[PDB]
């Protein structure tokens, strides 16, 4: 019989109410079986039930009316569906139960119901089984109506050996002994939720717990050897859940919240309702070895996953085209919450960096609107990108500054209350925010890609403003909430620009004007006539006349304008010279973010002399700030992050005072047999210098197997990827790909670091090409992991030959990668790199030879 349904989306006329899932995993044979019972009703007469199933071996399917009838099973593996045919049509509105018996193999990927492993201190391999369903992998563990708008309650039962613990979304009601060495755990019924949020883990994890003031038991789960690193996340999770409950005025509805650190995990974390899961590096904190960056990362990742309990779980997007309703909000709420719960982290100052990263992809033709259509699993996975997360958060921040925090908060509380246990579209959010023209304005920011360039022309008191789509002509127009300050006023002045152009009149003439105050708006600014000269003069003479975020926005925008010929490279580089006086993390890092990519392009070309001169200029520019750093872990989180990055930068570029100190610390660390406690903040620099020799690299690698510290593992991995030894770089690719000595969850990062190694970069792009099929099988087409490997190995090329290697390779893949959005993005980036280098290389050579810092 041919397949009776020819659409990717399921029919809307058969709706589930409740699922009873029985799962029995065998961790010795790596197999599982299940029985899924789903209560359904049909809104129209049908004899066919279409549902999702992927890589499950279905043995039997029956239909119970409320008698039992057998169902004929048909499969459509490409659509990832099964069709269950009943002997007679279902009666409308009457309850039926579909019962499906099946078996599967535990996935060897990081999705579905997959295998995870770890080693004990004695070298014994331990196996656990965990889940990762978002977006479409629930259908790999149980047959279901696997679309987020088909919400249902779930009663989960897990069969296991007595040596294992099982945890799931809800608390454990009871454990029944079925037979010898066979226990069945019954978990309480969940509230109405999407299939992608179902979770279960079978392991020998240990836990620590703490109860919130609202009575919620919060626990952190981890392997026995790492449960002593769970205290920080446990305390942070309790404080953040209490923050969100008080903030939203909507209690967390479940009796418990678990945070599990999984030894193998693809993304950073996942918000499964009641059972949030994390990479061990995103949750576990070692008070002696963890970095300030990693502590910030745990805090923000926990805040993100807990925000999703409201934004994503309680209220879910109707379809993946509106995935930003979940991810943009969760990303933005990390800042809203942590700014209050952990004020010592000063996160609010760092938000804007995400917006500049989103602008890098959003300035290309291959970007997409925040809300855009998706059909198949690879396209849906492509929605987990910088546009949904970072542009999503940045436009919400822009809107909050525009409406005020009070009006914005009222709109989001109304929205969550109105749509609790249901699904929403982009329009529902805008109607909630307008109930406090929001919809017209925010449609310009979510229903078309990109962002505007705002051009300012000052004629005495007359300030002319123009908008145009910034693209590296569509005729796009936005409702832009402009802000500005002047040399006469530091009040934030506002002007809503809804037309191509407008003009305003200043009360008095000014010496300078600066738009996008604190860079809270998702747009860039160009100043005509002497505007850039006036702003450059202000930064050179009195840089604290504007805030550190305003200084960072001027640096970023000046370099973005060079790409479209609005500002010469010489004038942008002249502006950057003020950084010799800068002390603040955001503008110092913004200077690095703009300048470092220039020598990354030179490293992949025969441009050694200008590359070396450019690197010497960068070190000279920040020399006073580098020399002021102590080689300790002293200071605030920003002082520590600034120290670590500056010392690492100085050492990799052979700045002699720092290389000598790093060389001495590494030699002493190796002499001590790795017992010397180095300051965590200098460890990246010390290890990167030490790995340059064969003996140093082998010694660093010998310590890797014993480490229980996520930071130490990450620091060693970074250092090992910096060697000039090509056999060692190849070995890291081969071993992390294999997953024994270095876990495969680190492969995408290792591949990108080697792709950025000045001598070993050809090896990363070659490895990706030669192992494409296995990498796609492990990480999936459309995944953020694949996108980071594609862009990480190719987006710093700047020759027509490299451009054609990329086009030729990906077009030869046909259905296994030729249509990837990351491929078009990297092709467009290489085209821009070719043009930028051709135009600016010798201009930079001449500018460097002028030695303006030495003048």
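Residue numbers count along the first chain shown, from 1.
- Per the record, residue 653 and residue 654 are directly connected, with no deposited-sequence residue omitted between them.
- A chain break between residue 436 and residue 437 is present, corresponding to 4 to 9 residues of the deposited sequence without coordinates.
- Legend: mean Cα B-factor per stretch from the PDB entry, 325-333 versus 78-86; the higher mean is in 78-86.
- Look at the mean CA B-factor for 113-121 and for 377-385 in the entry; the higher one is 113-121.
- Out of 704, 319, 772, 278, it is 704 whose C-alpha atom has the highest B-factor in the PDB entry.
- When the C-alpha B-factors of 346, 419, 500, 526 are read from the PDB record, the largest value belongs to 346.
- Per-chain ranking of the deposited C-alpha B factor places residue 740 in the highest third.
- Per the PDB record, residue ranking by Cα B-factor puts residue 66 in the highest third of the chain.
- When the modelled residues of the chain are ordered by C-alpha B-factor, residue 271 sits in the lowest third.
- Placement of the Cα temperature factor of residue 232 within the chain: middle third of the modelled residues, per the deposited record.
- The PDB entry assigns residue 468 a C-alpha temperature factor belonging to the lowest third of its chain's modelled residues.
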